[PDB]
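One letter stands for each residue in the lines below.
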Number of protein chains: 2
Amino acid sequence: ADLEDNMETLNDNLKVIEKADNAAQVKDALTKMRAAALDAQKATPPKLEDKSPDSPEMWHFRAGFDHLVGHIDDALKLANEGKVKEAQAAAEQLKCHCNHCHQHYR
Amino acid sequence: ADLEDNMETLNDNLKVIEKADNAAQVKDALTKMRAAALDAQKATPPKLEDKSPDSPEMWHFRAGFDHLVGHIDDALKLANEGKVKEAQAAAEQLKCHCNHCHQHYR
Ligand code: HEC
Ligand code: HEC
Ligand SMILES: [Ca+2]
Ligand SMILES: [Ca+2]
Ligand SMILES: [Ca+2]
Ligand SMILES: [Ca+2]
Ligand SMILES: [Ca+2]
Ligand SMILES: [Cu+2]
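Trainee: Describe the site of ligand 1, and please don't skip the residues or the numbers.
Mentor: Residue and element names in this part refer to chain A. By nearness alone, 19 residues border ligand 1, and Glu4, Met7, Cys98, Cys101 and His102 come closest of all. A distance of 3.3 Å separates an oxygen atom of ligand 1 from a polar atom in the side chain of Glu4. Contacts to ligand 1 include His102, whose side-chain N or O atom sits 2.8 Å from a nitrogen atom. Listed by contribution, the elements that provide at least two residues to the shell around ligand 1 are helix 1 (3-19), helix 3 (56-80) and helix 5 (94-105). Looking at the shell around ligand 1, the element that brings in the most residues is helix 1, giving seven residues.

Here is the structure:
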């Protein structure tokens, strides 16, 4: 999967989580998002295409995915406890991080 | 302090950070914001007066301050490293988290 494919997985699964009727459904979507975030973290985005792979910008780009994964893991904790509303609310915290990385790098 | 007073501290100190130029000024304003956020987390906002402490809405209200405080800490670390502009950018990014809670509970 390329970066854009991973981003579609992230986008589609936020919607699945919003519509979910139990916490296990939230968990299944979060699990896919975790893999998509880690795959995306290996990519070089177009806006950084000609910069060095070791550049501060590339490390900052990659760091955004670690924080996103931390949010996914915290939502997974709640989902695995059957706490559907809380897990959905924890997943909504992802959106600002979608926005913030996009502001700088999309 | 009252929830509104804590919100005034958060609001006015964002502007202090935006207009500042040095690490000490940014750090001082972020420190005030952090304390105000921790105190705000203890309140019951007017729109949730009809709710119980373990309601999903109160869980979610408290969780937003946990999140905000974590990102204030990230901004403080940048300020402590002397990265004034990066710390100011992190402070501006807090607004998305402010807005997220407001969309539900303000
Ligand atoms: C950086 C750390 C990012 C995070 C976190 C998220 N996204 Fe992203 N996204 C990022 C880049 C660099 C790009 C541009 C890719 C390109 O090839 O131009 C994108 C793009 C998207 C897209 C559009 C995909 C496309 O066809 O270009 C979507 C729909 C998208 N991103 C969604 C999305 C969501 C929902 C996120 C949070 C859950 C999210 N992204 C995080 C970089 C980063
Ligand atoms: C929930 C987790 C919140 C976060 C994070 C932030 N705010 Fe907030 N804010 C919240 C509520 C429930 C309310 C309404 C309080 C009331 O009694 O009506 C507010 C209100 C404000 C206001 C208006 C103050 C007023 O007199 O009503 C401001 C200017 C404000 N909040 C600012 C603000 C900023 C700048 C934040 C991030 C740094 C922020 N808030 C976070 C709930 C929450
Ligand atoms: Ca493309
Ligand atoms: Ca990875
Ligand atoms: Ca090239
Ligand atoms: Ca916490
Ligand atoms: Ca570091
Ligand atoms: Cu966060």
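Trainee: Explain the site of ligand 2 to me, using residue names and the numbers behind them.
Mentor: Residues and elements named next belong to chain B. In the vicinity of ligand 2 there are 18 residues, among which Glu4, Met7, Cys98, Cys101 and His102 approach most closely. At a separation of 3.3 Å, an oxygen atom of ligand 2 approaches a polar side-chain atom of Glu4. More than half of the atoms belonging to ligand 2 lie within 2 Å of the grid points that define the second largest pocket. When contributions to the shell around ligand 2 are tallied by element, the ones reaching two or more residues are helix 1 (3-19), helix 3 (56-80) and helix 4 (84-105).

Trainee: Any details on the coordination of the calcium ion (ligand 4)? Residues and values, ideally.
Mentor: Ideal values differ by geometry: the angle at a metal is 109.5 degrees with four tetrahedral donors, but 90 or 180 degrees with six octahedral donors. Residues and elements named next belong to chain A. The calcium ion (ligand 4) binds to the protein through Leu38 (O) and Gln41 (OE1); the donor distances cover 2.7 Å. With relative accessibility at 33%, the residue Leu38 sits in the partly exposed group. A relative accessible area of 17% places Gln41 in the buried class.

Trainee: Got a sec to walk through the interface of chain A and chain B? Specific residues and values, please.
Mentor: Taken together, the contact pairs 13 residues of chain A with eleven residues of chain B. Summing the contributions of chain A and of chain B, the shared interface buries around 1,100 Å²; its carbon and sulfur component is 70%. Together, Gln93, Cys96 and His100 of chain A form the three largest contributors to the area buried by chain A at its contact with chain B, with a combined 42%. In this structure, the connection of chain A to chain B is made through zero salt bridges. The interface formed by chain A and chain B contains five residue pairs in polar contact. Looking at the side of chain A that touches chain B, the elements that each hand over two or more residues are helix 3, helix 4 (84-92) and helix 5 of chain A. When grouped by side-chain class, the residues that make up the side of chain A that touches chain B number four nonpolar, six polar and three charged.

Trainee: Can you tell me about the environment of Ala90 of chain A, naming the residues and giving the values?
Mentor: Tracing the sequence through the fold places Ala90 of chain A in helix 4. In this structure, the C-alpha to C-alpha distance between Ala90 of chain A and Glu18 of chain A, residues 72 residues apart in sequence, is 11 Å. Beyond its immediate sequence surroundings of up to four residues, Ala90 of chain A is in contact with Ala75 and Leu78 of chain A together with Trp59 of chain B.

Trainee: Please set out the pattern of salt bridges residue by residue, giving values where relevant.
Mentor: A full pass over the atoms with the stated rule returns eight salt bridges over all chains. A salt bridge links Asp73 of chain A to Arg34 of chain A, with the nearest nitrogen and oxygen atoms 2.7 Å apart. Of the two residues, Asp73 of chain A sits in helix 3 while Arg34 of chain A sits in helix 2 (residues 23-40), which places them 39 residues apart along the sequence. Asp73 of chain A gets classed as partly exposed once you look at its relative accessible area, which sits at 27%. Here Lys83 of chain B and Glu81 of chain B are joined by a salt bridge, their closest N and O atoms 2.8 Å apart. Judged by relative accessible area, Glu81 of chain B falls into the partly exposed class, the value being 41%.

Scoring rules and cut-offs
- Residues numbered from 1 in each chain as written, not as in the entry; some residues may be left out.
- Chains lettered and ligands numbered in written order.
- Heavy atoms only, no water.
- Residues with missing side-chain atoms left out of burial classes, pairs and counts.
- Near = heavy atom within 4 Å.
- Polar contact = N/O pair within 3.5 Å; in protein donor to acceptor, adjacent residues only side chain to side chain.
- Helix = DSSP H or I, 4+ residues; strand = E, 2+ residues; numbered from the N terminus.
- 1 Å grid on protein atoms, 1.4 Å probe; cavity = no way out; pocket = protein on both sides within 12 Å on 5 of 7 lines; lining within 4 Å.
- Sits in = over half its atoms within 2 Å of the grid points.
- Donors = N, O, S within 2.8 Å, 3.2 Å for Na, K, Ca; no water.
- Buried < 20%, exposed > 50% of the residue type's maximum accessible area, 1.4 Å probe, protein only.
- Contact = heavy atoms within 4.5 Å.
- Buried area = accessible area lost by both parts, 1.4 Å probe.
- Salt bridge = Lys/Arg side-chain N within 4 Å of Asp/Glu carboxyl O.
- Nonpolar A, V, L, I, M, F, W, Y, C, P; charged D, E, K, R; others polar.

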